[PDB]
Amino acid sequence: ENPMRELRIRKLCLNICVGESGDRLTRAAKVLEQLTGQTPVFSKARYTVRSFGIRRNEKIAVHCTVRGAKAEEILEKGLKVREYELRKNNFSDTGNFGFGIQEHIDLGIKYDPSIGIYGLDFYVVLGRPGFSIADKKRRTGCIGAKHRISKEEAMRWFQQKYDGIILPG
Amino acid sequence: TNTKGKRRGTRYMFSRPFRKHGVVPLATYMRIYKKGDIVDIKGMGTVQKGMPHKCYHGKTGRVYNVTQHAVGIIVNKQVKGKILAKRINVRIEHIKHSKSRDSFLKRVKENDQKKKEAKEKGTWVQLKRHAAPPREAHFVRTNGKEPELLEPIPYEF
Amino acid sequence: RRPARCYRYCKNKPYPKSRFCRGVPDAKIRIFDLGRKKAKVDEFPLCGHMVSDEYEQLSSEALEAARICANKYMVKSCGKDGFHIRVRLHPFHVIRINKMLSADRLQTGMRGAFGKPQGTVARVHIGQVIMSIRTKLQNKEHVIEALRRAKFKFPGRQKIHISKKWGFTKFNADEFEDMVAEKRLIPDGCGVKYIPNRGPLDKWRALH
Amino acid sequence: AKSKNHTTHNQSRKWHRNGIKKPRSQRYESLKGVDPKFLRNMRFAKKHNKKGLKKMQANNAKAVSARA
Amino acid sequence: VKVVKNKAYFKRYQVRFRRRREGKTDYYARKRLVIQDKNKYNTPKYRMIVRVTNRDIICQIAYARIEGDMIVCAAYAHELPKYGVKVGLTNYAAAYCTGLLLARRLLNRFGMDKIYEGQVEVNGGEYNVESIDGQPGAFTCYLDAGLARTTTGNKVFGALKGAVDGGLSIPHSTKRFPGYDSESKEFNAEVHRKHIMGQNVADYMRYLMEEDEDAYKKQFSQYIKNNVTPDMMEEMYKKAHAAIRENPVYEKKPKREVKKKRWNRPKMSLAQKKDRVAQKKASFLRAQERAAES
RNA sequence: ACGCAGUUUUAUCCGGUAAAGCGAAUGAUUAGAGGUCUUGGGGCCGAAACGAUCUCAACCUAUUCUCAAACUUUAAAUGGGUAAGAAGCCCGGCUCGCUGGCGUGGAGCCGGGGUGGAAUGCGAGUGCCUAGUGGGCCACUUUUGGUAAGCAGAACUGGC
RNA sequence: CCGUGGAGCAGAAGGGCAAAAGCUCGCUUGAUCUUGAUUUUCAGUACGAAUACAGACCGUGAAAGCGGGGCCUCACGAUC
RNA sequence: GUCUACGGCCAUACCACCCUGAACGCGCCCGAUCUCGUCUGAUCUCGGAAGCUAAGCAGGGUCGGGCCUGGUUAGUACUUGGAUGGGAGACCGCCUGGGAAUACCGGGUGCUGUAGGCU
Ligand SMILES: [Mg+2]
Ligand SMILES: [Mg+2]
Ligand SMILES: [Mg+2]
Ligand SMILES: [Mg+2]
Ligand SMILES: [Mg+2]
Ligand SMILES: [Mg+2]
Ligand SMILES: [Mg+2]
Ligand SMILES: [Mg+2]
Ligand SMILES: [Mg+2]
Ligand SMILES: [Mg+2]
Ligand SMILES: [Mg+2]
Ligand SMILES: [Mg+2]
Ligand SMILES: [Mg+2]
Ligand SMILES: [Mg+2]
Ligand SMILES: [Mg+2]
Ligand SMILES: [Mg+2]
Ligand SMILES: [Mg+2]
Ligand SMILES: [Mg+2]
């Protein structure tokens, strides 16, 4: 059949967005250290609304990206607590789906009384071999039409691989 | 009272043409400019380093000095009373060759070739130009087709 | 208010309302279509036109008064919901006024007399249509009389002409009933869309 | 006492009375504004020319005179 | 629902240059690399262009011209099997050899192969070819990096080292060659010559053979096919250098060609397009006619 | 014949006015037709419900009426500069401390050979001294302020 | 994901800019010395501003190159 | 008849969709020990060659959208010079010369400079 149309997870991005900066944000950074085995990166204050206590140039959220077998393992750990029920509204038109979970105690982490209670967003992006064209510098080119992931293809791949159930939104 | 300035009133003169913005084409740089050649001046808005004054836009002059990134041109600027031969140092981004000198060189080459070729044959060729002479008496042809009659159309709103 | 005698000719360049006026009184006209706007193109066959013969300026108040007169005569001639009038001319030139000494010689005579905007007029060229009315095939004399009544209210000299076109469209009346039968013109409310041949084949497959 | 501000009326006549003739074009116009390095090189080439000119050019002139 | 790009967008859209659209150039570094000062009226500006593609490395030397960049000489990687390097046509040692071959070929074409022999004994240090009095001056040429990011240890710099050892006077610095430490500003030529002679790949092959045989079977398949052990690469490049310096000239390939076939489809003419349109118009009404009468 | 021209002819560029356009960018702008993802206001099935339906406002699409001295795709006429030879071209040889793969490039100099190079008209070039003037006005046309003025203020040409 | 400039370039506007003149990062004061010529209002006088060079010392990148202030149009001052 | 590397013109060559690609080449692609850099070998860098034309890319097609060119608009709107021309004016006509653009329609859609590998 298709020679090299096998779908594959390009990366898995975890993101923890807290309200205020300080000790809680530092702890939300420490939790990702043991969750992903790598140092996260801080994102801060794209704007200034002041309606809930943020300003310009203030550390707000932490995030990171995992690729490869570790990304697949983290996605499996997330779908474990998710129990493999995804809604129809979780999938985007491009083929990327995210679910989000509750506080990270259900992932299999030893609870620490000093860290606190934080969750993550757990956004997943799907890909195919050949999507690295739009990322290189020597020559840039669009993906195309028959190669880009569709809407139904993502949920079909999810049902085929992880045997999850798709609920109507 | 008219707010004299260096770039006053060039809103459409120093602007780039439509659908021609971006970086400068590289062909205008590789052109050769020697001393004594007749060139033209056209202000360009892509670069602002060595652009000439708004009064020399569209002026034709000969080159008297050449440097790394620019050329020196002697331009005949007509001041209120007389004409001054002014030396201007302008970069090569705003200068292009003048095809009038090229046409004159082609014509003089054709002339000195034609005379050198006709000297042996002894035919006094007329290589000197002239105005358009009045056309001679010619014979039109109707091939039996009657000339079509033309009538003015009545007025209609 | 100044009379219309002093704002008749075209003596200055167009001075429209923009970021440089920063102040202007509102216009007099607010509506341009007074008949039944939801009429189809096959409802009213003929159409008239008020074509100007003099290059001058027309005031928005004069346009308003003339269109009120035309509507008042038309709704009595052919009844309501049986016609469609349109004032094609739109006022955009803003005339300015220079109030003179608010009566004593204490204030300045002509020092800084650029003046403030007074109103809005409409510049009309020679041969430009002012108003146009479409009715049934038998309301020709009624449209002519309404346009004649509006002539007595418009300044200058403008004449009446019944165009050969079909309604408001740019197509003639003789080549309309045969070109609308087969798929070359599509009626869309008060207008007609002319479908060219240089399009994708799906637009042609959708028809026929 | 307001007066006239600025006009250019009756100026082209004053100019054309004397003439708007072009400047005097003469051979060897000037050497000002030319690159100083180029001017130095030209001076050196002009002052070192007579060193080798008066012999080799004379020999070549004798040769071409013998040729024709 | 939402506005998008339309006819008004396409009517105002201005396209970039062709060489820029696919991303082959930048027109910024070129504007400084190709343009010659007008004091040098017709003096060409020689630039060596090194491009590292997949399974190949192309090295040329060109100068400016109105019609197009005039190339004086060119060297490739697929010629190394002819000079003694059959496997590894995209290694750092391969870049060194192809730069040396380009330099030697240019010098032999210009007749200056005898003088300006360059650095014969490869040591990893800077050479800085200098001109000799009473003889034609050394070939002064510049470098063209292109789109590749200039990072310490690149194959473009390997080809640069090969050329400067072959005898091309090219201005450069020693901080971009492999072996330049980041903590200290000093440079070591021993590690540079070890990387030039292709010893890191030998260490990798030995490490794979010592740890995992499956890795040594998957990778270096062409190496084990050409039975080149890691201890032979120290001598194979030493021999290839001498072979290149002994026979730098490039032979002319056979011009014999075969007949050509219409492999690509041609454009249909206006008559054919109009006939296709007429057929599509005429065969559509019959479908609905049949569906109605049936 | 040197040379010159308030001019024309031939090549050659320069420009953004007149005009025109906005179913092309920006800013104003009247009305209709279809589709409704969503938002807000009404009516319907009925414990309420993105369970369903009619309509309006809003959005999108393809059209439609009228405008821009401080908008423009396109773009006139008039008009501005240059050239139409001997101060030019072909050939050979020297100098360079300029540049440089190269006797490469570019400038300067020397030497012999070859003027009839668009029309028309006219004799040109140049130095010194220097009085008066330094309140203007009017007219065809183009135009700024003003309702307008034998009003005030500009461009070319002519006149007092 | 679409996204030709619809953002930004210190500030009033115009022009200009997309592996950019925009944002970020790393070293840095060429925002330092010197003599001329030239452009702009022009009487072709000066000041201010600006252009292209040349002669020394430096910055930067590997390098071609750029830089003797701000992407350009204003942001400033004789005698004694 | 074609591609690669470097380029001139910079949409006749850009955008969306659909088909074909034999032998080289471009690439997708497999892996972080050395050179190198990020949260992530995704991107930039040293090691390839197990599969592929799925993608980029190259050709062809769309009564395709844009772009160029040619008719129509049109000797029409404008404009140099003239009149003791008309009209109360607004403006218009004539003589001598030049001459625009949108709607509408039709035709095309890459040509080449240097080095190289194939049928
Ligand atoms: Mg992008
Ligand atoms: Mg009264
Ligand atoms: Mg006075
Ligand atoms: Mg670069
Ligand atoms: Mg203007
Ligand atoms: Mg206009
Ligand atoms: Mg007075
Ligand atoms: Mg007056
Ligand atoms: Mg600005
Ligand atoms: Mg702009
Ligand atoms: Mg210097
Ligand atoms: Mg490191
Ligand atoms: Mg590392
Ligand atoms: Mg990888
Ligand atoms: Mg492919
Ligand atoms: Mg395919
Ligand atoms: Mg088409
Ligand atoms: Mg006239």
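Cβ coordinates were reconstructed from backbone atoms using ideal geometry, including for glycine residues, and neighbour counts include every protein chain displayed. Taken together, the values in this text are just the output of simple stated rules run on the coordinates, not laboratory data.
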Quick one: go through region C:126-145 and flag any residue whose amide nitrogen is under 14 Å from the point 7 Å out along the Cα-to-Cβ line of residue C:173. C:133-144
For chain C, what does -39500 (n - 2.57) per DSSP helix run (n ≥ 4), summed and divided by total residues, give at 222 nm, in deg cm²/dmol to the nearest 500? -6000 deg cm²/dmol
14 Å reach of a label modelled at residue C:144, 7 Å along Cα-to-Cβ, counting backbone N of region C:36-64: C:47-49
Taking amide H atoms as placed 1.01 Å from N in the peptide plane, list the residues 5 or more away in sequence, or in a different chain, whose amide H sits under 5 Å from that of residue A:10. A:125, A:126, A:127
Alpha-carbon centroids, region A:55-124 and region B:40-56: separation in whole Å: 59 Å
Reduced to Cα centres, the span from region B:104-147 to region D:37-68 in Å works out to 47 Å
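Please give the length that would be gained between residue E:253 and residue E:69 if that part of the chain were fully extended, namely 0.36 nm times their separation in residues minus their C-alpha to C-alpha distance (nm, one decimal). Don't skip to the end; give the middle numbers.
Working: separation 184, 0.36 × 184 = 66.24 nm, distance 2.34 nm.
Gain on stretching residue E:253 to residue E:69: 63.9 nm.
Using a Förster radius of 60 Å, what is the FRET efficiency between residue B:68 and residue A:72 based on their Cβ-Cβ separation? Nearest 0.05, please. Intermediate values should be presented prior to the final figure.
Numbers: r = 60 Å, r/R0 = 0.99.
So the FRET efficiency works out to roughly 0.50.
Quick one: plug the Kirkwood hydrodynamic radius of chain C (C-alpha pairs) into Stokes-Einstein at 20 °C, 1.002 mPa s, and report D in µm²/s. The partial results should precede the final answer.
On the way: Rh = 19.8 Å.
Here the translational diffusion coefficient equals 108 µm²/s.
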I need two numbers for region C:53-134: Rg to one decimal and Dmax as a whole number, Cα atoms only, in Å. 18.9, 60
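Note the direction-averaged projected area, equal to a quarter of the hull surface, for the Cα convex hull of region E:84-230, in nm². Don't skip to the end; give the middle numbers.
Working: hull surface 43.5 nm².
Mean projected area of the Cα convex hull: 10.9 nm².
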Consider all pairwise Cα distances in region B:1-153 and report the whole-number % of them above 28 Å. 50 percent
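Hey, how much of the P(r) for region A:54-169 falls beyond 24 Å, as a percent of Cα pairs?
Numbers: 2707 of 6670 pairs.
Every Cα pair in region A:54-169 considered, those over 24 Å come to 41 percent.
Restricting things to Cα coordinates, could you compute the convex hull volume per residue of region E:239-294 in Å³?
It is 235 Å³ per residue.
Over all pairs of distinct alpha carbons, what does the Kirkwood formula give as the hydrodynamic radius of region E:61-171, in Å? Walk me through the numbers before you get to the answer.
Values: mean 1/r = 0.0674 Å⁻¹.
It is 14.8 Å.
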Alpha carbon Rg of region E:17-62, scaled by the compact-globule rule 2.2 N^0.38 Å: 1.41
In whole Å, what three semi-axes, largest first, describe the equivalent ellipsoid of chain E built from its Cα gyration tensor (square root of 5 times each eigenvalue)? 49, 29, 23
Phi-derived 3J(HN,Hα) across region D:3-18 with the Karplus relation (6.51, -1.76, 1.60, θ = phi - 60°), rounded Hz, x for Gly and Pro, is 10, 5, 8, 6, 9, 10, 6, 6, 10, 4, 5, 4, 5, 6, 4, 7
Proportion of all alpha-carbon pairs of region E:151-294 beyond 26 Å (%): 61 percent
Backbone N within region C:35-79 under 19 Å of label point (7 Å from residue C:10 Cα along the Cβ vector): C:50-63
Under the 7 Å Cα-to-Cβ spin-label approximation, residue A:24 and residue E:9 lie apart by a distance in nanometres of 4.1 nm
What percent of all Cα-Cα pairs in region B:94-157 falls into each 10 Å bin, going from 0 up to the bin containing the maximum distance? 13, 19, 19, 16, 17, 12, 3, 0
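Taking the highest mean first, how do the peptides A:150-156, B:143-149, C:47-53 order by number of other beta carbon atoms within 10 angstrom per residue?
Values: A:150-156: 15.0, B:143-149: 5.4, C:47-53: 20.4.
Order by mean packing, descending: C:47-53, A:150-156, B:143-149.
Which translational diffusion coefficient, to the nearest whole µm²/s, is obtained for region E:136-209 from the Stokes-Einstein equation, given a Kirkwood hydrodynamic radius over C-alpha pairs, 37 °C and 0.692 mPa s? Don't jump to the answer; show the numbers that get you there.
Numbers: Rh = 13.9 Å.
Rounded, D is 236 µm²/s.
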If the convex hull of the alpha-carbon atoms of region B:2-85 is projected onto planes in all directions, what is the mean projected area in square nanometres? 6.9 nm²
With r defined as the distance between the Cβ atoms of residue B:127 and residue E:41 and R0 fixed at 25 Å, what FRET efficiency is calculated, to the nearest 0.05? 0.15
Listed by chain and number, the residues whose amide H is under 5 Å from that of residue B:59, excluding neighbours fewer than 5 places away on the same chain and using placed H, are B:41
Using a Gaussian network for chain E with springs between C-alpha atoms less than 10 Å apart, which of these wobbles most: E:125, E:88, E:134? E:134
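Which GluC sites (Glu not before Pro) from region C:27-56 combine a DSSP loop assignment with at most 14 other Cβ atoms within 10 Å? Before the final figure, lay out the partial values.
Details: sites: C:43, C:54, C:56; in loops: C:43, C:54.
Within region C:27-56, the qualifying GluC sites (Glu not before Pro) (loop, at most 14 other Cβ atoms within 10 Å) are C:54.
After finding the eigenvalues of the alpha carbon gyration tensor for chain D, what semi-axes result from the square roots of 5 times each, listed largest first in whole Å?
Numbers: eigenvalues 657, 82, 7 Å².
Equivalent ellipsoid of chain D: 57, 20, 6 Å, largest first.
What's the magnitude of the charge dipole for the protein assembly as shown around its Cα centre, counting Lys and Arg as +1 and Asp and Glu as -1 at the beta-carbon? Answer in Debye, nearest 20. Mind showing how you got there, number by number?
Values: 194 positive and 89 negative charges, 1576 e Å.
The dipole of the protein assembly as shown has a size of about 7560 debye.
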Highest-MSF residue in chain B out of B:102, B:40, B:112 [GNM, Cα springs under 10 Å]: B:112
Please compute the modelled spin-label separation between residue B:155 and residue E:152, points set 7 Å along Cα→Cβ, answer in nm with one decimal. 9.2 nm
What ³J(HN,Hα) values, in whole Hz, does the Karplus curve 6.51 cos²θ - 1.76 cosθ + 1.60 give for region A:131-146 when θ = phi - 60°, with x put for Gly and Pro? 7, 7, 6, 6, 10, 6, 10, 5, 7, 10, x, 5, 6, x, 10, 6
Ordered by residue, what ³J(HN,Hα) values in Hz, to whole numbers, does region C:52-64 give under the Karplus form 6.51 cos²θ - 1.76 cosθ + 1.60, where θ = phi - 60° and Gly and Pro are x? 6, 9, 10, 7, 8, 10, 10, 7, 5, 5, 5, 4, 4
Take every residue in peptide E:278-286, count the Cβ atoms of other chains within 10 Å of its Cβ, and give the average of those counts. 1
For region A:49-94, rounded, prolate or oblate, judged on the Cα gyration tensor with a ≥ b ≥ c (square roots of eigenvalues), a/c < 1.5 rounded, else prolate if a/b > b/c? prolate
What is the helix-to-structure angle for B:99-121, meaning the angle in degrees between its Cα long axis and the longest Cα principal axis of chain B, kept from 0 to 90 and rounded to the nearest 10? 50 degrees
Using a Gaussian network model of chain A whose springs link C-alpha atoms within less than 10 Å, name the residue from A:77, A:88, A:137 with the highest mean-square fluctuation. A:137
At 7 Å along the Cα-to-beta-carbon direction for both residue D:54 and residue D:68, put a label point, then send me their distance in nm to one decimal. 2.9 nm
In deg cm²/dmol, rounded to the nearest 500, the helical mean residue ellipticity at 222 nm of chain E, built from -39500 (n - 2.57) for every DSSP H run of length 4 or more, is -12000 deg cm²/dmol
If you take the alpha carbon radius of gyration of region E:50-106 and divide it by 2.2 N^0.38 Å, what ratio comes out, to two decimals? 1.19
Which angle from 0 to 90°, rounded to the nearest 10, does the C-alpha axis of helix E:270-293 make with the longest principal axis of chain E? 50 degrees
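For chain A, what does the helix formula give at 222 nm: sum of -39500 (n - 2.57) over DSSP H segments with n ≥ 4, over the residue count, nearest 500 deg cm²/dmol?
Theoretical 222 nm ellipticity from helices: -7500 deg cm²/dmol.
In square nanometres, what is one fourth of the surface area of the convex hull spanned by the alpha carbons of the protein assembly as shown? All intermediate terms of the calculation are to be shown ahead of the outcome.
Values: hull surface 310.8 nm².
Its Cα hull, projected and averaged over all orientations, spans 77.7 nm².
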Quick one, can you get me the convex hull of the C-alpha atoms of region E:1-92 expressed as volume per residue in Å³? 204 Å³
